[PDB]
There are 2 protein chains.
Amino acid sequence: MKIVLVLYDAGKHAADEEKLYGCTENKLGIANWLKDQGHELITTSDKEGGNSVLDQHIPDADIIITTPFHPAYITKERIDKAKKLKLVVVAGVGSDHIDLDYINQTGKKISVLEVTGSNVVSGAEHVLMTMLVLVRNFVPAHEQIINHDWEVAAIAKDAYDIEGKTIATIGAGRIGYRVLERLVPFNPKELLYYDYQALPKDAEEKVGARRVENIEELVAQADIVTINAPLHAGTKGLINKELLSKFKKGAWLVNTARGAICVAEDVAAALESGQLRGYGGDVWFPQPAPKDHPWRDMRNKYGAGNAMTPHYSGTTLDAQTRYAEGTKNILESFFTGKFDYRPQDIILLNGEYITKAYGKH
Amino acid sequence: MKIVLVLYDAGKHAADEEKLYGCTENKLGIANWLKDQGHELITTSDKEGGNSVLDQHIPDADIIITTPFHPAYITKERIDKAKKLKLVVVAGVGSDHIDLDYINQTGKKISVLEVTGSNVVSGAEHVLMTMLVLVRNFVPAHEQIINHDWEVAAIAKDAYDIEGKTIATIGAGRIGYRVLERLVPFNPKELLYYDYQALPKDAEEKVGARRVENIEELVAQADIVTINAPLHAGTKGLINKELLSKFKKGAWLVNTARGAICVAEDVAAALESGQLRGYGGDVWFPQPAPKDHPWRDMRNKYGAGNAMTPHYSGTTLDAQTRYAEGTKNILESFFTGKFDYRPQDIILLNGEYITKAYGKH
Ligand SMILES: NC(=O)c1ccc[n+]([C@@H]2O[C@H](COP(=O)([O-])OP(=O)(O)OC[C@H]3O[C@@H](n4cnc5c(N)ncnc54)[C@H](O)[C@@H]3O)[C@@H](O)[C@H]2O)c1
Ligand SMILES: NC(=O)c1ccc[n+]([C@@H]2O[C@H](COP(=O)([O-])OP(=O)(O)OC[C@H]3O[C@@H](n4cnc5c(N)ncnc54)[C@H](O)[C@@H]3O)[C@@H](O)[C@H]2O)c1
Ligand SMILES: [Cl-]
Ligand SMILES: [Cl-]
């Protein structure tokens, strides 16, 4: 079978780290296995433009392997041309770069599988880190040191402890729950969640969380809000001007989920106006983020409150080996004809939604 | 009585934030309270040089109030000129900017009091933040964004999860233990500590910590080392070239304790050479840190591994009110002649060591 693998290029950085499996140079470390199994592997990072390498090979690819950090956007237009496509794999977590609703509406017999759980710890750590960086005003503090300055008050005037703050997560699944678990020993005033899926009651009690029934009530009382739900029709553009106006004034917002859950310019305006004290995360729409994307230069009134990074929290070296192995396992389930996928990896099975986490179906 | 209060200046930043008690503009909230009692309060940030405002007032100061973030260095030379000095207060935690050994060894009848516990949560939070920032390679990641670039592999090549790492604290007192507590839900491989004061078994078991009684054995197995002991003769220069050569190669080192626990040039050489992958923290010797201090510009081979900030973790707005109130309480205990200090606040009582945490006596 013909397999098209779209990853980020490491360029000169490939020579620095052999454990960087998630790049085009290294092919998830599964190329030997795919060659021995008798398959043809096309590897590229060229995913934009009508004559990209991706588009040249879409018409007869049996399988497309993608990765969220450099996402091949498997649009309706591409799906219609993909005459042999039977399986799309996500080397990572989050399948929103594929037009899942289109596959489902047309009933096309395409399965979509992701490596659930492979980098959920990595993401939760990044949430905790970004919360602490924003609350404690770390970015301008480090900027002072490397700019050869020293002025404690310029940092302290907007630096707080996370202790005593009320923290809310939108989405309390694998990442959201792991965030709540990691926050417990920081002595927050309270931990809150909003999710149409209730936490198991034992899990709720372990972290002292309180479920809040609607999102407006959730954000209005939160000093810190974190977004940990997938991107789907019910979350696209969820964090917009109107909802942001119901946040607690001066809240901190963290989003390692998906960029498009927020309206980009609305977040930036809330930060510039003071409605938010800070925003940070690793995810953008689209990716790669253009040089002039508004989340790069946005700041609060003090010139800070920006903890943005490129999309990498789920591609730490520890995460990469896990989602590479999980990608291999998915492919093997397909190649053998067993289709013995782990239940939690299945987004679509031959066009049908199996996941419950991408809204109600 | 004549009181000399040495704090940092907030300048234009005082107007941005009324909760900034710890600057010369706002005088810990005690200026009118002192004036009403008939005391003369001299407030200054001018603390260096033979005719500094501090030195002008040392000879007849009854009380000197200091703060670690802008520390008046109460050296033996100054103590010898301080003919009326009876009490040095630390608005914060850590009394090493005072020559405690000289006071004690020469029979100077000077008490030294600090606001124990007032910002130990704040410091522990900063340790967790710095560990995450270094391990997850946040600083170059944010720099890439604000420089209008996008290259996931440039960051991922040296980005790890904290999960699965072995973490060691040198010092397991209020901050060190709070660090261990916050690390538990991050699923480290193991938590280790080295302290001449053992943790109670119950405290050890709560965080799953293992005591290591030899410092070289401790650092040799640790992916991450954090310093959480006071600065005294026993810890000054403890982190030198020879001990660093026994660190695990490519370890991360966090120091929010005191800068002079490390030999500054030895740390920088270890970072540049790769013996450390990263160093970070908020504390320097001396403070303010000179523009040429080697910890400003030091980097690892990738241009990263530096998470330095100015000394602010213990002067977040949440901390400042706690140590301002604690300073007022200490002063009242002195002025009333009750001397009913909280026992945990007493470093020296009339020259004698009461604390056990500054070495054995
Ligand atoms: N930044 C990264 O590198 C990275 C890494 C992993 C995952 N992610 C993203 O995080 C998302 C969540 O990952 P996970 O492992 O926690 O997934 P998960 O499926 O375990 O949990 C998602 C939770 O979100 C809930 N949810 C769905 N819609 C919601 C809505 N409108 N409001 C509130 N809750 C809603 C779901 O019910 C579920 O409980 C992924 O889908 C992915 O987009 C990013
Ligand atoms: N960066 C900040 O703003 C900030 C804030 C608060 C405290 N600090 C610094 O952190 C230090 C510790 O604070 P704390 O509240 O945890 O103090 P603490 O007195 O509760 O704990 C200090 C621990 O260090 C141990 N110790 C002393 N010498 C040691 C040695 N050679 N090796 C190993 N352990 C040793 C002590 O036995 C004690 O258990 C303070 O003295 C201060 O210098 C910095
Ligand atoms: Cl929904
Ligand atoms: Cl000692």
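Residues numbered from 1 in each chain as written, not as in the entry; some residues may be left out. Chains lettered and ligands numbered in written order. Heavy atoms only, no water.

- If you look chain A up in the PDB entry, it shows as Formate dehydrogenase from Candida boidinii.
- Regarding chain A, the UniProt comment filed under Subunit (unreviewed entry) reads as follows: "Homodimer." (UniProt positions renumbered as here; feature names shortened; annotations may be inferred.)

## Section: the site of ligand 2
Residues and elements named next belong to chain B.
Here comes step 1: In the neighbourhood of ligand 2, 29 residues make up the surrounding shell, with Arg174, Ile175, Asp195, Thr256 and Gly314 lying closest.
Here comes step 2: One nitrogen or oxygen atom from the side chain of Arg174 is found 2.9 Å from an oxygen atom belonging to ligand 2.
Here comes step 3: Protein contact buries 93% of the 860 Å² of open area that ligand 2 shows by itself. (Near = heavy atom within 4 Å. Polar contact = N/O pair within 3.5 Å; in protein donor to acceptor, adjacent residues only side chain to side chain. Areas by Shrake-Rupley, 256 points an atom, 1.4 Å probe, with all protein chains shown as cover.)

## Considerations on the sheet that holds strand β1 (residues 2–6) of chain A
All names here are of chain A.
Here comes step 1: Taken together, seven strands build an open sheet; the order of strands is β2-β1-β3-β4-β5-β13-β14 and the sheet is mixed. Of all strands in the sheet, those with a lone pairing partner are β2 (40–44) and β14 (352–353), marking the two edges.
Here comes step 2: As paired elements, strand β4 (residues 87–90) and strand β5 (residues 111–114) share four bridges and run parallel to each other. Opposite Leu87, over in β5, you have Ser111 as the bridge partner.
Here comes step 3: In the packing of helix α14 (residues 317–335) onto the sheet, the strands contacted are β1, β3 (63–66), β4 and β5, and the crossing angle to β4 comes to about 165°. (Pairing = 2+ DSSP bridges. Helix = DSSP H or I, 4+ residues; strand = E, 2+ residues; numbered from the N terminus. Contact = heavy atoms within 4.5 Å. Axes fitted to C-alpha atoms, helices over the stretch in contact; angles between N-to-C directions.)

## With respect to the domain arrangement of chain A
All names here are of chain A.
Here comes step 1: Here chain A is partitioned into domain 1 (1–118 + 316–361) and domain 2 (119–315).
Here comes step 2: Opposite the 27 residues of domain 1 that make contact, domain 2 presents 19 residues.
Here comes step 3: Across the domain 1 to domain 2 interface the summed buried area is about 1800 Å²; carbon plus sulfur atoms make up 52%.
Here comes step 4: Linking domain 1 with domain 2 are one salt bridge, by the criterion used here.
Here comes step 5: The shortest N-O distance in the salt bridge between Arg258 and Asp96 comes to 2.8 Å.
Here comes step 6: For the interface between domain 1 and domain 2, the tally reads 15 residue pairs in polar contact.
Here comes step 7: Sorting elements by how many residues they give to the side of domain 1 that touches domain 2 places α14 first, with five residues. (Domains from an automatic or database assignment. Buried area = accessible area lost by both parts, 1.4 Å probe. Salt bridge = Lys/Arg side-chain N within 4 Å of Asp/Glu carboxyl O.)

## Describing the pairing of strand β7 (residues 190–194) of chain B
Every other side chain in a regular strand lies on the same face of the sheet, so the side chains alternate between the two faces.
Residue and element names in this part refer to chain B.
Here comes step 1: Here five bridges tie strand β6 (residues 166–170) to β7, and the two strands are oriented parallel to one another. Bridged to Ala168 within β7 is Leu192.
Here comes step 2: Between β6 and its parallel partner β7, the chain crosses via helix α8 (residues 174–183), and the hand of that crossover is right-handed.
Here comes step 3: Two strands pair when backbone bridges link them, and β7 and strand β8 (residues 209–211) are joined in this way by three bridges, in the parallel orientation. Counterpart to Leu192 in the pairing with β8 is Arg210.
Here comes step 4: Since β7 and β8 lie parallel, the crossover through helix α9 (residues 201–207) that links them has a hand, and here it is right-handed. (Right-handed = clockwise from strand over helix to strand, strands pointing away.)

## Overview of the site of ligand 1
Residues and elements named next belong to chain A.
Here comes step 1: As a matter of local geometry, ligand 1 sits amid 28 residues, with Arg174, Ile175, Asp195, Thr256 and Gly314 nearest to it.
Here comes step 2: The separation between an oxygen atom of ligand 1 and a polar side-chain atom of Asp195 is 2.7 Å.
Here comes step 3: Within the side chain of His232, one N or O atom sits 3.0 Å away from a nitrogen atom of ligand 1.
Here comes step 4: Here the residues of the shell around ligand 1 sort into 13 nonpolar, eleven polar and four charged.
Here comes step 5: Both domains that meet at the shell around ligand 1, namely domain 1 (1–118 + 316–361) and domain 2 (119–315), each give it at least three residues. (Nonpolar A, V, L, I, M, F, W, Y, C, P; charged D, E, K, R; others polar.)

## Considerations on the packing of aromatic side chains
Residues and elements named next belong to chain A.
Here comes step 1: Scanning the model with the defined rule gives 21 aromatic pairs over all chains in all.
Here comes step 2: With a centroid separation of 5.7 Å and an interplanar angle of 40°, the aromatic rings of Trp33 and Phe335 are classed as tilted. Note that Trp33 is positioned in helix α1 (residues 31–36) and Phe335 in helix α14, a separation of 302 residues in sequence.
Here comes step 3: Owing to a relative accessible area of 17%, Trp33 belongs among the buried residues under this scheme.
Here comes step 4: For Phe335, a relative accessible area of 18% gives the class buried.
Here comes step 5: Taken together, a centroid distance of 6.0 Å and an interplanar angle of 65° make the contact between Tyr73 and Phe285 edge-to-face. Note that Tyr73 is positioned in the loop between β3 and α3 (76–81) and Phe285 in the loop between β11 (276–281) and α13 (294–297), a separation of 212 residues in sequence.
Here comes step 6: Overall, the relative accessible area of 47% leaves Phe285 in the partly exposed class. (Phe/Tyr/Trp six-rings, centres within 6.5 Å; stacked < 30°, edge-to-face > 60°. Buried < 20%, exposed > 50% of the residue type's maximum accessible area, 1.4 Å probe, protein only.)

## Digging into the pattern of salt bridges
For side chains bearing opposite charge, pairing can occur when the charged atoms are close.
Here comes step 1: Summed over the entire model, instances satisfying the criterion amount to 36 salt bridges over all chains.
Here comes step 2: In this structure, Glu125(A) and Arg136(B) form a salt bridge, with 3.0 Å as the shortest nitrogen-oxygen distance. With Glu125(A) in helix α5 (residues 120–135) and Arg136(B) in the loop between α5 (120–135) and α6 (138–146), this residue pair bridges two chains. You'll find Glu125(A) and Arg136(B) in the same group, each marked buried.
Here comes step 3: A salt bridge links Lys165(A) to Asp318(B); its shortest N-O distance comes to 2.9 Å. Residue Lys165(A) is located in the loop between α7 (152–156) and β6 (166–170), and its partner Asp318(B) is located in helix α14 (residues 317–335); the two belong to separate chains.
Here comes step 4: Each member of the salt-bridge network shares a partner with another, and the members are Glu125(A), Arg322(A), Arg136(B) and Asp161(B).

## A word on the interface of chain B and chain A
Here comes step 1: Between chain B and chain A, the contact holds 70 residues from the first and 72 residues from the second.
Here comes step 2: Of the roughly 6300 Å² buried at the junction of chain B and chain A (both faces included), carbon and sulfur atoms supply 61%.
Here comes step 3: Our count for the chain B to chain A interface comes out at eight salt bridges.
Here comes step 4: As a salt-bridge pair, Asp161(A) and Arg322(B) come within 3.3 Å of each other at their nearest N and O atoms.
Here comes step 5: Between chain B and chain A we count 45 residue pairs in polar contact in total.
Here comes step 6: Of all the elements in the fold, those that place two or more residues in the side of chain B that touches chain A are α5, α6, α7 (152–156), α8, α13 (294–297), β12 (306–308) and α14 of chain B.
Here comes step 7: A breakdown of the residues in the side of chain B that touches chain A according to their chemical character gives 35 nonpolar, 15 polar and 20 charged.

## As for the UniProt feature "domain: D-isomer specific 2-hydroxyacid dehydrogenase NAD-binding" (unreviewed entry) in chain A
Here comes step 1: Those residues carrying the UniProt feature "domain: D-isomer specific 2-hydroxyacid dehydrogenase NAD-binding" (unreviewed entry) are residues 128–312 of chain A in this numbering.
Here comes step 2: In this annotation, residues 128–312 of chain A is assigned 34% helix and 17% strand; the end-to-end C-alpha distance for the span is 15 Å.

## Considering the relation of the copies chain B and chain A
Here comes step 1: In the superposition of chain B on chain A (RMSD 0.3 Å, axial shift 0.0 Å), the rotation amounts to 180°. Between the two chains, the operation in question is that of a two-fold axis. When C-alpha distances to the rotation axis are compared across chain B, the minimum falls at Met129(B), with a value of 2.9 Å. (Least-squares fit on C-alpha atoms.)

## Observations regarding the environment of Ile63(B)
Residue and element names in this part refer to chain B.
Here comes step 1: Here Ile63 lies in strand β3 (residues 63–66).
Here comes step 2: In this structure the C-alpha to C-alpha distance between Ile63 and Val4, which are 59 residues apart in sequence, comes to 6.4 Å.
Here comes step 3: For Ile63, the contacting residues outside a window of four places in its chain are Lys2, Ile3, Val4, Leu85, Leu87, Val89, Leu331, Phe334 and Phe335.

## Considerations on the sheet that holds strand β7 (residues 190–194) of chain A
Residues and elements named next belong to chain A.
Here comes step 1: Spatial strand order, β8-β7-β6-β9-β10-β11-β12: seven strands in an open sheet with parallel pairing. The open sheet has two edge strands, β8 (209–211) and β12 (306–308), and neither has a second partner. On average, adjacent strands in this sheet sit at an angle of 20° to one another, irrespective of strand direction.
Here comes step 2: Packed on one face of the sheet, α5 meets β6, β9 (224–227), β10 (251–255), β11 and β12 and runs near 150° to β10.

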